[PDB]
Each structure stands twice: as C-alpha cells, then as structure tokens.
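As a starting point, one isolated chain is supplied in structure tokens, in the form deposited in one PDB entry.
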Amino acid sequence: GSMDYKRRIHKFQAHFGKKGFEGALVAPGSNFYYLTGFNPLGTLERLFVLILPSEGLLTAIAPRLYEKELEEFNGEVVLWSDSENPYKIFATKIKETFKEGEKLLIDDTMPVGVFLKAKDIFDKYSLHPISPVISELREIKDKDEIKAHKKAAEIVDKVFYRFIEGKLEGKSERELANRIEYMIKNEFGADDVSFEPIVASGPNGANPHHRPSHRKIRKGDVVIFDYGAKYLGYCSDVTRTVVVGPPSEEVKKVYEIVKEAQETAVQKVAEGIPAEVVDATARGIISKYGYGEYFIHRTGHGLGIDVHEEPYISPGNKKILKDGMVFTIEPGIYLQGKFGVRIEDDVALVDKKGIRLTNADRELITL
C-alpha cells in the first residue's frame, strides 16, 4: 500500500494536540495497522506495545523473534527475549511516561491485564478510551484506502459469480460457508476474510443473526449469503439472496421491494445529507409496501480496517455524510418461519457522490 502513516500519526497526535491529551497506548490491532501498516500476527500473553506521546516519534516494544520482519521502523524498536520480563520493560520507559496524573488514551479493543499487571507503575494517570479520537480520522478514508476497498469489493464480486455456478442443493449452510471462505482466500490480493461467511437458508433467512448450521439447502429455499474480503487490510462486505428453483410470487414481491429500497437509498447518498435520511429512504420504501415491521435493523454501517465502524447509517442518527466515508447499504425484509431477503453493497463517498464499490448482479437469480 502506498499510504503514509507519519501524517496519520501527526494529525492523530494533533487531534489531541487539539483536544488536550498527554498519551495514547496501542497494541496489535486495527489502530495499530492503520498507524503503521504492520500487523504482527500471533501475539497474546506476549506483550506488544506502541505508546504515543504528547507529539513526536512513538515507541515500539518487542518481543525479539519479530525483528527480522521489522527490517524498517521509525520510533523504534527495543527487543525482549523469551527470558526477560515485560511490564518491567516499562523501566525507563516506564518513565519517560508523563506527569503523574495527566490524560491517557487506551485501546477499547485490548484486554486489561497487559495493564492490570502494570499497576505500580500504572495507576498514576487519567486514562480514557482511544476510539472517540482516532475514530474520526478512520471514518474519513483517503484515495488509496478507497482503492483498497474497491479492490476488496472486486474479489467478493468475483466470488459471487464463481459460487452460484457451483451446486448448492444438498450441501449444508456450514459447508457452503466454508467453501465461500476458501473461494475468497484462493484469490489475491485477499489477505483474508473480513469475517466468517454467513449462509442462511430457508426460514433461517428470517433471522438476521443467523449463523450457518447443519440444515442442508433444498429446492424451494431462499438462501442469503453474507461475506467479505480484506485487501491491504481493508474490508468488504456483501450480501446477496438467491432462490433454489422457481420462486413464489411472494418471494418475487418481497425481493423487488428490497431491491428498490436499496437502490433508492444508494442513489440518495451524497456529501451533505444526514445518515438517518438515508435510513429513511430505504425504510420508507419497505413501509409504503407494508413490510415496515419486518425490516428489523439499520440500513448499513461503516467499513474500514474493521467490518463495523463509522459512519453508522441508522434511524436515529444525524451525522452528516462526508467525502471519504465508506459504508454498507443493506435493507432487508424478514418473515419469521418463511424466509429473509437482504441485498447489501459497499459504498464510498467520492466527489460529493455515493459510488457503489460492489457491483455483482442485484437481481434475483434462480439456481
């Protein structure tokens, strides 16, 4: 990836050098990768930290066996071995640190412990979550991050067509889900899935929180797939709904409703118009046709390094949509004991307009 980081850091530094904070501690994860491009794979019990100061060159703490995949670094570097004790490697640092009793930011994501076990020696400051600050620089993507997103939407587009060519009758929701994960990953530059694929078939479609089960796919089933890829660590997220064998008129009716709702809501995305009104566009269409009480979630959510992040396209939200924002548009109708239908696309706001990054056929296909 062509992105910088040094600027991201220095306007993160200068977003509390613009809100008054004296610290921010981060560990392997989204905020980490976003701030460095590095993602150390396989940590836990094994302390790994980057402290971010007033403003200036941050820090890097080990452990040893990671260096020969740490050929370059700025703020660097210090190494501890499978013999030395961390927490007491906050020794000087620890202090450094900063004045006893001033402000600090920590990863919400990260477990305490790697903190509790510091104690002595780390109950001498005013700590407060990191998300409210770093969030507002992640919620605006740069040109390159958009390229990561569109590229991620591309892989998943390719996955859709390859997949519906396959045979679905007789395989279980869990098989299909695993095969979809294998499809994604056997493509580049998929690093990985953005989340474990979801396959919801038959009346399991009416359950938004469905997790693939053992139920085999059979003629007459409407089957929802929901899955995603990572490209240079940026996430896609797509949902399509198919029918196995001729659909009923009620399925045909409900599908079109969800199609139009989604399409009109996509068209409505624009720099300057609130999140909730994009929810309302979608929600209003479903309602006009009677299914208002069967649309039982928000219309979409932000994508980024995580599959769920800002902006959140919800009925109670007047955040004003802005250039660089990336999110999902995904209304659905859910009919308990019958079936569900959701159609979900990834959208990025460029040059005042909402552009779809995912482009796979949004018409009801019969398999």
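Each residue number is its position in the shown sequence, starting from 1. If you superpose the two forms and keep the largest set of C-alpha atoms that fall within 1.5 Å, you have the rigid core.
The same protein also has a form deposited in another entry, omitted here; what follows describes it.
Report the residue, chosen from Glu165, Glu250, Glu293, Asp82, for which the CA moves 2 Å or more between this form and the one not shown after the rigid core is overlaid. Single hit from the list, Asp82.
Quick one: core overlaid, is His214 moving 2 Å or more at the Cα between this form and the one not shown? No, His214 moves less than 2 Å.
When the two forms are laid on each other by their rigid core, does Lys68 show a Cα shift of 2 Å or more between this form and the one not shown? The answer is yes, as the C-alpha of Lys68 shifts between this form and the one not shown by 2 Å or more after core alignment.
Rigid core aligned, does the Cα position of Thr109 differ by 2 Å or more between this form and the one not shown? Indeed, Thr109 is displaced by 2 Å or more.
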